[PDB]
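# PDB entry and its sequence, pasted below:
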Amino acid sequence: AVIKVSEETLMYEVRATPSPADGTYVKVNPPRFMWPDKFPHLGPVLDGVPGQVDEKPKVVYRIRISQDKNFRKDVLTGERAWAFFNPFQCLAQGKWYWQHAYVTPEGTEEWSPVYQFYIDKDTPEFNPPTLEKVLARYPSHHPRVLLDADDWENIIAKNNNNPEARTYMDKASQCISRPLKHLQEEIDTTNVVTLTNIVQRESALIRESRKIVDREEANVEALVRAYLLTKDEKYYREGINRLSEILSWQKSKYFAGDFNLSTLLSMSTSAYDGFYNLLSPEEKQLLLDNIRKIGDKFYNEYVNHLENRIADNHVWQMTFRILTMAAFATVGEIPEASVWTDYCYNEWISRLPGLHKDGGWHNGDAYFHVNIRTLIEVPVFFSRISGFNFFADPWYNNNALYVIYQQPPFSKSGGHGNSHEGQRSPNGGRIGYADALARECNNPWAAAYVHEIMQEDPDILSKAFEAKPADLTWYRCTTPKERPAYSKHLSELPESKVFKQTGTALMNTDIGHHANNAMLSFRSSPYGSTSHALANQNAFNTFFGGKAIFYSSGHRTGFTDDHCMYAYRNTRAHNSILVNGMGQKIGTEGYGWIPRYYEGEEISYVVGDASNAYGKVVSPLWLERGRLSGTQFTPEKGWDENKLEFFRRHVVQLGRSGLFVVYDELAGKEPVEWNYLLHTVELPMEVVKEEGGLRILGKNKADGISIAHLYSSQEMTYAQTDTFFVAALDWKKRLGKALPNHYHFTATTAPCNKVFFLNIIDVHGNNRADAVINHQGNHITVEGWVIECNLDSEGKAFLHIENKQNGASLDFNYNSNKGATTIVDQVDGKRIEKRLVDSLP
Ligand SMILES: O=C(O)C1=C[C@H](O)[C@@H](OS(=O)(=O)O)[C@H](O[C@H]2[C@H](O)[C@@H](NS(=O)(=O)O)[C@@H](O)O[C@@H]2COS(=O)(=O)O)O1
Ligand SMILES: [Ca+2]
Ligand SMILES: [Ca+2]
């Protein structure tokens, strides 16, 4: 029942294995074929500072696919400049064989081993049309990307009475005859020049230049759309005026980072497609010169790189969509765009949207939003030009649940990924996204999220959020789809949701009534702590009424700076466990996973395994970032030789009571001191001895309470502090100072090879008084729950929880259950029994 994983990593920064995997049943027909590059390529390690980069040869691959193992009969073949292939047909049922080849510059083939896969009668079909079909019917007229010329007059008429459309003309009109100065006059470099660390200095230059570029992009895009909605050429004249000035900034020493360059490509695409029929020969050459130059630069960066990165952030967020639209804007007009369209259309189909197929966002709460326009605009565009529904990808309906559970109405987000602490309430961008999912997928839960939130806040779409990567106003101006009618209520959702592949879980007592909702989030993820993800495997957070109590601490001050590495990403910042003060490895190697779980009604359950997440940092990507950034991955900073053999954290939701039980199994290869952590981010914790353990009271500045009743198989000492491991200096801001302190509780055990912790957490607000924990009859009772467990370092772990009155129970043991967890639950008046065993992700 208990699976042990012995892998150095579960996910790879750079693809190491073929998909579909050897001997597997594919999850979709046709399969999406992908394989590692002949010359595996990590590429630049940072936006501002590339680091050591290898050559990336142009290459040719081949593929053959057949139910005939000797590849003689009915063989599908392909040749590509990149390591992915789409058959564009549904394959027959049964067993299949395939292999891919690298073709040397001399014409020699290096064939892979022959791999096998199976197609079932049950295998889902998701078969978008060939690019040849799409281009055959693609019109040569402009506009054809921002909208279609045939639909132009209708879109104008429909928006004459759309108050959302008025904002473009208002914003654009402010620009007219209002000169834009040159970059060097608009930019603020007064902070940049004070910085001596090159990663920080270059990062700040990126930030300062993007401030100006992004401000002006909003102007240029408003000018293009104002022209499309009115046909008043004053918007064309100023649009060309303003864009010409921005383009002239190209070669400035201040014009830094790839988003700025992609922004030039994007605006050039909008002005070219939108103003096409008005362009003078010089204006057209200007726009086309820049499309060619910048599109070629990004294609050359992506190819033999993007497709095999675990995820390439700036590309997935904005930059891929931007090449896609530039390619479809100019296909048939410039030769280069044939290659770009081929690449982008196939790469989307190959592996997008998303990384985790359960719908979770790998990079967490904040960065999800930076993908919103990409997640919607690309498949909307592909769908209308192809006549095929790209939203039939099951990821979208799965992602709808992530949107709701990860940040319920008017609620603090669950606490994952860089900048998680700033996500306090669903913003207009998130609402615009759920709105699109509701329309494109006819998803009643997404519809409920939008309807119930707009009921309380009618103006939410117009509130504050970063427009550049997330604003869907233009989508709303141009879609012929209406919002579906409100049907399901959020209150009809399951109390808990587990994302097994993402490695996260959300538990709620009242998700459909946010102000009364006691909530716990959990992470133990195969993605580890690379990219924007944190080193928080087996970490939980708690919330009441949509405000956090026990919560991951620290501030997002950068991407690789000392505060981030030592006090924010670092395991010491989170509600998890340290080993002799040492934390989880930075990178994909610091992974966790969720071996078993149960989403129920009277009881819910999730387990995280972080047994392999600790030790020395070995990720070549993060070792290079560390070298460049001045990071020290040393025992003094929190990383040392691994001592951890086993770490499972069992998390039990006690129905809708607001009570959660957290039970830990820990084993080390030698006696160690175990450090049990809790943090709060508004007010200090209050600690007192309680029976044979500790009571840790957390509270926020509002109604929120979370009380940990913590027991261990060993004697514990404790301490609290207000200080971060290193100051949260906001170095990115002019005269930036230290950001506000948080609060850090640590219980430390006597040295031992094995330890168990029981933590009964009481999460509530003004809805009820604290729960009373009774220590009677050599077990523990609370509100009709009886809780028994092993708190004996020399005994076998077990956890037995039962509410006789509600008919719920959970039994984890290594004796009669043989490592399994058995559940009894009541769902709609029916007794439900489950036996849970481990499964890999
Ligand atoms: O949009 C982002 O993903 C992002 C915005 C910023 O460029 C940067 O954040 S920061 O202000 O804290 O520096 C950060 O960019 C990363 C990016 O995510 C990385 N992509 S990855 O290789 O897939 O992980 C990579 O490009 O490095 C960037 C930072 O470069 S730096 O600014 O020179 O330090 O996140
Ligand atoms: Ca992201
Ligand atoms: Ca995270």
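Okay, I see it. Residues are numbered from 1 along each chain as shown. Ligands and ions are numbered 1, 2, ... in the order given.

# Near ligand 2, which residues of this structure are found?
363, 367 (Cβ under 5 Å from the ion). Where you see a C-beta, it was placed from the backbone N, CA and C, and this is true even at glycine.

# Tell me the residues on the chain that lie near ligand 3, please.
364, 416, 417, 533, 534.

# quick one: contacts for the first one?
Looking back up the chat, that one is residue 364. Contact analysis of residue 364 by Cβ atoms under 8 Å, 6 or more residues apart in numbering lists 416, 417, 418, 419, 420, 532, 533, 534.

# Would you mind listing what in the stretch 451-600 of the chain touches ligand 1?
531, 558, 559, 560 (Cβ under 6 Å from any ligand atom).

# Walking through the stretch 351-500 of the chain, point out its helices one by one.
In the stretch 351-500 of the chain, the segments counted as helices under DSSP state H, counting those that start in this stretch are 364-367, 372-386, 395-406, 428-441, 444-456, 473-478.

# Take those helices and write them to TSV, including distance to residue 199.
Formatted as TSV, the helices of the stretch 351-500 of the chain follow (distance: least, Cβ to Cβ, whole Å):
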stretch	distance to residue 199
helix 364-367	20
helix 372-386	27
helix 395-406	30
helix 428-441	29
helix 444-456	39
helix 473-478	36
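
# can you tell me which two in the residues of the stretch 451-600 of the chain next to ligand 1 are farthest apart?
531 and 558 (14.1 Å; Cβ to Cβ).

# burial count for whichever residue of the stretch 501-650 of the chain sits closest to ligand 1?
The nearest approach of the stretch 501-650 of the chain to ligand 1 comes at residue 559, 3.7 Å away (Cβ to the nearest ligand atom). Using other Cβ atoms under 10 Å, the number of residues around residue 559 comes to 19.

# got it, and residue 139?
12.

# Now for it: which residues touch it?
Residue 139 touches 148, 149, 150, counting by Cβ under 8 Å, 6+ apart.

# Does stretch 721-736 reach ligand 1?
No - Stretch 721-736 stays clear of ligand 1 (Cβ under 6 Å from any ligand atom), getting no nearer than 6.6 Å.

# which residues sit against that stretch?
188, 190-191, 195, 200, 203-204, 207, 553-555, 557-558, 561-563, 566-568, 570, 572, 637-638, 684, 737-739, 741-744.

# ditto for stretch 33-40
By Cβ under 8 Å, 6+ apart, stretch 33-40 touches 14-20, 54-57, 59, 61, 63, 65, 83-87, 98, 100, 102, 110, 112, 304, 307-308, 350-351.

# What residues of it count as buried?
33, 34, 35, 36, 37, 38, 40 (16 or more other Cβ atoms under 10 Å).

# Of the residues of the stretch 451-600 of the chain next to ligand 1 - the most surrounded one?
residue 531 (23 neighbours).

# Would you confirm that that residue contacts residue 363?
Yes - judged on Cβ atoms under 8 Å, residue 531 makes contact with residue 363 at a distance of 5.7 Å.

# any residues in contact with both of the two?
What both residue 531 and residue 363 touch, as defined by Cβ under 8 Å, 6+ apart, is the set 311, 313.

# which residue does the stretch 701-841 of the chain bring closest to ligand 2?
Ligand 2 sits closest to residue 732 of the stretch 701-841 of the chain, with a gap of 19.1 Å, by Cβ to the ion.

# roughly how far apart are that residue and residue 415?
22 Å (Cβ to Cβ, to the nearest Å).

# So these two - more neighbours on which side?
residue 415 (28 against 18).

# That one: what's it in contact with?
Taking Cβ under 8 Å, 6+ apart, one finds 365, 421, 521, 541, 548, 551, 552 in contact with residue 415.

# okay, stretch 650-664 in CSV with CA atoms only?
Provided in CSV are the C-alpha atoms of stretch 650-664 (Å, rounded to 0.1, in the frame of the first residue of the first chain):
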residue,chain,number,x,y,z
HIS,A,650,-1.5,13.3,6.8
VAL,A,651,-4.1,16.1,6.6
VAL,A,652,-7.7,15.4,7.8
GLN,A,653,-10.6,17.8,7.4
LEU,A,654,-13.1,17.1,10.2
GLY,A,655,-16.2,17.7,8.1
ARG,A,656,-17.4,21.3,8.2
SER,A,657,-16.4,21.8,11.9
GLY,A,658,-13.4,24.0,11.2
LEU,A,659,-11.2,21.4,12.8
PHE,A,660,-8.2,19.8,10.9
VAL,A,661,-5.9,17.1,12.1
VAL,A,662,-2.3,17.1,10.9
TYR,A,663,-0.4,13.9,11.6
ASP,A,664,3.3,13.5,10.7
